[PDB]
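Working through the structure, step by step
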Amino acid sequence: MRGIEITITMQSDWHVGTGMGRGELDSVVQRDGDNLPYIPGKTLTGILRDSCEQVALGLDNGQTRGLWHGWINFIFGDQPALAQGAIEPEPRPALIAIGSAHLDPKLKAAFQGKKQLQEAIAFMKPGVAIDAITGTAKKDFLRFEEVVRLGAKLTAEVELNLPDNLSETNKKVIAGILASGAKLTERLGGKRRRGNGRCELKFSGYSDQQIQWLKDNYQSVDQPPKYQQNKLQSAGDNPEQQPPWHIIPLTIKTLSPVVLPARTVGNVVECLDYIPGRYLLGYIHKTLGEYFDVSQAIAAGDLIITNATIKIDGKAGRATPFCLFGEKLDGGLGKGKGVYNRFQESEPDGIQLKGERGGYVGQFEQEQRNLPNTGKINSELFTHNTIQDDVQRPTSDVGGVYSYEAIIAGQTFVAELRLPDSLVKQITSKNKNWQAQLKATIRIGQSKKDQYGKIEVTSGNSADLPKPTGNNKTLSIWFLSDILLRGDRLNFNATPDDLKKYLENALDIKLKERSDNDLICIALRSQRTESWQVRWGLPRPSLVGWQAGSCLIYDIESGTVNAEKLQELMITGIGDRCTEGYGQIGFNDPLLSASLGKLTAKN
Amino acid sequence: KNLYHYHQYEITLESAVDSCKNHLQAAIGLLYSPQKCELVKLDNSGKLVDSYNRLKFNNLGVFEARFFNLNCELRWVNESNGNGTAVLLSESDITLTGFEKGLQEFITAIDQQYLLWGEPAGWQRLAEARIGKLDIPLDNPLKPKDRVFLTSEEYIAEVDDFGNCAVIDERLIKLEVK
Amino acid sequence: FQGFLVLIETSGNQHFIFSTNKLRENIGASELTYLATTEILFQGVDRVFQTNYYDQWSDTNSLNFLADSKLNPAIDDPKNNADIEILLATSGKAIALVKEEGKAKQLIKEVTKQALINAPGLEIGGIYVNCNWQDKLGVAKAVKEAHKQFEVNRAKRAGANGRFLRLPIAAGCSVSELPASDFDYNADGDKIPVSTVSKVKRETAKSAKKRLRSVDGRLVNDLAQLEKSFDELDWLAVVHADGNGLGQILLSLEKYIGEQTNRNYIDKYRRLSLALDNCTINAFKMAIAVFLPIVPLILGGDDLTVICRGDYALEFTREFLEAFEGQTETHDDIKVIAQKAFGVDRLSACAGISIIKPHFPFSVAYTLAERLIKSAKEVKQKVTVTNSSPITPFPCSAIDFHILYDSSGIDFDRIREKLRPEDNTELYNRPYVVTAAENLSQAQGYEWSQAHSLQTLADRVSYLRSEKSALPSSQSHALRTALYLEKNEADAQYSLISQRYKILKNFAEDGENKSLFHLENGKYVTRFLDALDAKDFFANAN
Amino acid sequence: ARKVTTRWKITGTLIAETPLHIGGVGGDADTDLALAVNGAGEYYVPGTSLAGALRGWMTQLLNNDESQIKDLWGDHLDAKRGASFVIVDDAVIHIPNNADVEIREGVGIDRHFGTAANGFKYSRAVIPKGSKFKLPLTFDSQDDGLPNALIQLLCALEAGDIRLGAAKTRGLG
């Protein structure tokens, strides 16, 4: 659903969002990707929630828990970080998603590149503390604060994903509460109590008629309905898979910052610089689940959604191969010179090398004559707080402050959906314009309902299948995703000999590690991924493997490798959970055969 | 000291557990399915009270399972259309049909624990606001200050010919209250 | 004679020590990293070889014992029975020579097993290589082979993250990615779920805090004990300091030993390594005289990090870096090698200095210091040995410092771009060389080192402090405000002031006494706003 | 949220009974000290400056008792106080008719020579007299009724006993 907005009219000069200051300022307001001030959707959710809590607390006759506080936990979701002891029910998510309130899009466009104007949206407010006995300024207590000019009208998209079974009375209760709590909101941001941050907050379509209905009807209102997951339903009716494999490239563009948890540790979440395919499995279930049993296809291995990696050279950027080593003083891909493929080049005299460890390399043909283009993913740290509601300030009891790294807006990523011909027949027999249904705007990630996670997904045309070369002398492997082999005991503690045995069995070729002493043959790193499963309400198990970028090359001792099979393994991936994008291999790639030490970068 | 491990391939979970039933007596088990991670107990004969309908794969069925008791652990994971690999791990050499025996030497087994989710709310319930409730197959009741742990043993062995040790496996044992 | 060389090394030390963002565990993990290649090495040696290295270790609490041939005999010449000789032991690295391959395997087994048991989550492995003493330089190549084969074998070796795998029903650690396995107490004293990794780190922090305090009785044991003993503190400073050039020396040490003989290589290699530990300790015990409100966190090898009294850390670090140079000048075992390596008989170190308010997270402050240390360490290539090839750093010591206030952005990249207000204008000169000009005069890049000399900052701070104020704060802040304008406006403000306050002739940098900026590689850069920042962080007991 | 037994909106007209000067950062090229202006450039009383005016007066009334002051004006450090229960908004100043701001000259007279001391020549923009602005006050009550100290404050306002802005002893506020 879409169409609701919150309109925020700032009626006094306002300050929000940041515990940092610029050169002449000791407190700087928060600024969007356009460097313009905005109200973050977590601030806006938190402010609007608080005002609904006031309304409910009044309708409850001041009871801290009761019928109408239940309705707040319905609309805005439970707060499981507060509750303690054996709370048995699973925490409800919010029914309301509230974006960040940004300045008018046309006004924002007027500012672009006008750095001097962006600074003029805000000004120094002086601040001094006076000594009560002397009547003079205290020492130390002199501050200068950035404040944003009053008159700003900001608007946030809002989504109300109300349950399908919710009655018309309960719909009008939600509208009444939200319209009430919006009208009760008179301040937001920092120093609200000392003038700042006065506002009008309006929903589109929630007039006082919605408050008047609640006034006439609040005594008739029951408890909110019980929450339940949208469970999955499997038809089981899919065809068997049949070659060929179609490849449907999905461009993902970040429209707000996206938090893709790498390490969730204490009060900080660190972010991946790629979108795992598991984030897109929900969008695949939505758009395609009417055409075939997506859950059966996932179970059968008839479906892959790769990771969305940064777009380079118009294609998916490939995880920098760990066989590349830079000159420790004056080389590497960020310098654009002095990169050696240690699978093929000796270490130079005197200069010691360091491995490349991250980023993404672009395309590279067997005679590129240039270093591959390097894509970098921009990410920013966002900092938030939790307010303890009786003191109205953060406290240790509520955890104080937390941070998310996020992939910022404007980044462009390419995933690929791969499907067998039998499913593409199935779909096309039901919709000939089915790739048009893959155009969507969706929320993915951590915190996806408020400030984070908005992405556009657009399909390209069907891409070409990979074309690995079936070299009979050597075979190389480049990891473009994280490979999750299981050991022979089904735990994930596999070893490179397990990968050798795996590829040997799959390709029916014997392999031996190449012995050229100046050249490295294996350049792996391990990876451990910790993730939650939303359908389980429990963390996934822990998935251990090797990082994207890991590389190795083998001398082919006997047998002949089939480029038809190399291609098949370059589509389906190897190992566990290839449907999510793990297991994505590159076989006999130029960039692993090439010698690079002589090359350089290009209103 | 030997860690004995028994492999069978292209075997359904329903059949894998039934093949191991003599050893998986009273065994707690964890079943991974697309929509649930359910904990189950096998009875004293090693049987599940709805084993076919629980362990089938066909419709959002179990793709991976673990079963463990004091003496052994069975692991299973799907590989094609509900057939999978079974591996049973045991401290003792034991007789199984169709399974292939192997072993690995280990230097020492070290016990570990794993605190489960929740405070106390046969079967007992833990609950935590973070996740809601968690039901655990545990026969003794739980006092409000009890916490339920899961115990395991990790087996250290030499990996490299240079003698580098690592934990080559970790077998699960039982639920335990601390 | 032929033997084997054993290299045992702890991998991923930065990850293991700083992954939990939790100060007790960073201290705990640093000690586990230390103990693994010393304490546990010596026990493992003693079990495999029936030796008494652990007794000498525990009697001494220091590594200097193994420089004595009576306590660590020479394997070479069959007159001596010793089948083991430790060439190195240090935090995260150890090297030993052994005459039997099976005992080389058993040693690495024993040490790495004990790390799995007593130090969960510690990634440590080992390698052994043939060591041919029919080659007069065989040991030096055996070292270089071991380092090469160690890097190669790690990739195929099993990783230390492949244990404590999460189960869906297991709970989560309060401070870690790992599942919870144990309980411990947060800094508020509430019981909390923690991993076995976190638990063994916290257990070890007790032995760490001891060993660090034992360095000098003046030292405070605990950040809690600073909070007890020193309630007057308004600021605190993580110092991180790192020694320079040792890796390139060790990669090249065959050149510098003089006599191309194995027996000399071992002696020179060993003593050099011990000498830098002593220099760091001695330089530290000198520098702390500036305060004692200082808690060490890591203190060994060429590497130091400590939590100081804030507004004494630039002075403590200046004094430490002056004393680290002075130590490595006079220390015979370094002196001659540095002379042959870099043409001056000293080494150098640099420091990052976060300077933080006492409740601010150490973790954020230390990651700032790991960025500040890189900014100080840029001297490595602006001040370079003249006519060198490859372009070796000239030994030069430098500081970078911040003073967070929280306002500047907590990320170093963002911190500095808020002080570059216009495309040619930057309001920081903050990588400050602390090496004396006389020592630098023979390097390339001498002229840069003078503009970046810390004395230029310390002088200007003195003029600000000098006195009623000689330069009124009223007028300093007028200039401070103007610096964020274009130079034509900053210079306009200064020209409104330059002859009302004659002290400003010293704060100029143009050479004309009409601007606070000087041109540096096409950028207008100034120390004036750095001098206002550091005005109250340049205090000393001397 | 924070519990509120009763919310009070307290409002009226505040009149400058003498000229007024709340300062901004300072200096508009017509006055060495320049009046504070909002983001719309209108002359206004910062709610900070009025809150501290009213809290300051209350601090003297209540003999500098921290307890009752922080009960009404909040506290950063007590574990049970936090945010203020009195909200003071920014209030725009309506200068009567549309009279422009006055500029007031100032000089320091050397006590030896009896003449203007060098450098001590200054000017201050001041809001005229008769100018009006809103009393923008809100009080969230957790107790029943309205505090005595807050009634005393409103009495002092009607008495004209509170002074606001700069130069309170030298004519203004």
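All residue numbers start from 1 on each chain and follow the order of its written sequence rather than the entry's numbering, and residues without coordinates are excluded. Chain letters and ligand numbers both follow the written order, the letters beginning at A and the numbers at 1. These chains belong to a larger assembly; the values given apply solely to the chains on display. The side-chain quantities take in all heavy atoms of the structure and omit both hydrogens and water.

If you check the header, you'll see the entry was determined by cryo-EM and the resolution is listed as 2.77 Å.

All right, on to the overall build of chain A then. Along the backbone of chain A there are 12 helices and 33 strands. Our radius of gyration is a C-alpha quantity, and the globule rule it is checked against amounts to 2.2 Å times the number of residues to the power 0.38. What you see for chain A is a C-alpha radius of gyration of 28 Å, in line with the 25 Å of a compact globule of 603 residues. When its C-alpha atoms are laid out on the principal axes, chain A stretches across 85 × 65 × 50 Å. Burial classes: relative accessible area under 20% of the type maximum marks a residue as buried, over 50% as exposed, and values in between as partly exposed (1.4 Å probe, protein chains only). Looking at the 603 residues of chain A, the share that counts as buried comes to 52%. When the accessible surface of chain A is summed, it comes to about 27100 Å², and 45% of that surface belongs to carbon and sulfur atoms. Charge assignment in this entry is limited to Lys and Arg as positive and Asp and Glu as negative, and neither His nor the chain termini are counted. To locate a charge, take NZ of a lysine, CZ of an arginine, CG of an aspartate or CD of a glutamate. Charged side chains of chain A number 72 positive and 70 negative; the gap between the two group centres comes to 4 Å. Strands are runs of DSSP state E lasting at least 2 residues, helices are runs of H or I lasting at least 4, and numbering of each runs from the N terminus. Surface accessibility follows the Shrake-Rupley procedure with a 1.4 Å probe radius. Residue values consider only the protein chains on display as shielding.

This part takes up the overall build of chain D. Assigned secondary structure in chain D consists of 3 helices and 9 strands. The secondary structure elements of chain D, listed N-terminal to C-terminal, are β-β-β-α-α-β-β-β-β-β-β-α. Principal-axis analysis of the C-alpha atoms places the extent of chain D at approximately 60 × 40 × 30 Å. Buried positions account for 42% of the 173 residues belonging to chain D. Here chain D has roughly 9200 Å² of accessible surface; of this, 50% comes from carbon and sulfur atoms. Across chain D, the centroid of the 18 positively charged side chains sits 2 Å from that of the 21 negatively charged ones.

A separate point is the sheet that holds strand β1 (residues 2-12) of chain B. Residues and elements named next belong to chain B. Any two strands between which DSSP finds at least two bridges are classified as paired. Spatial strand order, β3-β2-β4-β5-β6-β1-β7: 7 strands in an open sheet with antiparallel pairing. Two strands close off the open sheet at either side, each with one partner strand: β3 (37-41) and β7 (100-105). Strand-to-strand twist of the sheet, defined as the mean angle between neighbouring strand axes without regard to direction, takes the value 20 degrees. When checking whether two residues touch, look at their non-hydrogen atoms; a contact exists if any pair is within 4.5 Å. Helix axes are fitted to C-alpha atoms over the stretch in contact, other axes to C-alpha atoms as well, and angles between N-to-C directions run from 0 to 180 degrees. Lying over the sheet, helix α1 (residues 13-20) contacts β1, β4 (64-68), β5 (72-80) and β6 (83-90), oriented at roughly 140 degrees with respect to β1.

Turning our attention to the interface of chain B and chain A. Each partner contributes to the interface: chain B provides 38 residues, whereas chain A provides 32 residues. At the boundary of chain B with chain A, total buried surface from both sides reaches about 2700 Å², with 57% on carbon and sulfur atoms. Any pair of nitrogen or oxygen atoms within 3.5 Å is treated as a polar contact; in protein, a donor-acceptor pairing is required on top of that, and neighbouring residues in sequence qualify only through side-chain atoms on both sides. For the pair chain B and chain A, the number of links is 13 residue pairs in polar contact. Elements supplying a minimum of two residues to the side of chain B that touches chain A: β1, β5, β6, β9 (119-120), β10 (124-128), β11 (132-136) and β13 (165-177) of chain B. Classifying every residue of the side of chain B that touches chain A by side-chain character gives 20 nonpolar, 9 polar and 9 charged. By buried area we mean how much accessible surface two parts lose on assembly, using a 1.4 Å probe and totalling the loss over both. Polar here means any residue outside two lists: the nonpolar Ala, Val, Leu, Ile, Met, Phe, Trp, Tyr, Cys and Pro, and the charged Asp, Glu, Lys and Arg; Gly therefore counts as polar.

Further remarks concern a positive patch on the surface. A surface patch of like charges, here positive, comprises A:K328, A:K335, A:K354, A:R357, A:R525, C:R371, C:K374 and C:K380. If you trace the backbone, A:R357 turns up in the loop between β17 (353-355) and β18 (360-361). Judged by relative accessible area, A:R357 falls into the exposed class, the value being 54%. Each patch is assembled from residues with relative accessible area greater than 30% and no salt bridge, linking like charges that lie within 9 Å and nonpolar side chains (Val, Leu, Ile, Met, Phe, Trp, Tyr) that lie within 5 Å. The term salt bridge refers to a side-chain nitrogen of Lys or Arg lying within 4 Å of a carboxyl oxygen of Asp or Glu.

It is worth spelling out the interface of chain A and chain C at this point. At the junction of the two partners, chain A supplies 36 residues and chain C supplies 34 residues. For the pair chain A and chain C, the number of links is 2 salt bridges. Here C:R414 and A:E380 are joined by a salt bridge, their closest N and O atoms 3.0 Å apart. The tally of links between chain A and chain C comes to 13 residue pairs in polar contact. Elements with a contribution of two residues or more to the side of chain A that touches chain C: β9 (261-265), β20 (379-385), β28 (526-529) and β30 (538-539) of chain A. Along the lines of polarity and charge, the residues of the side of chain A that touches chain C split into 14 nonpolar, 13 polar and 9 charged.

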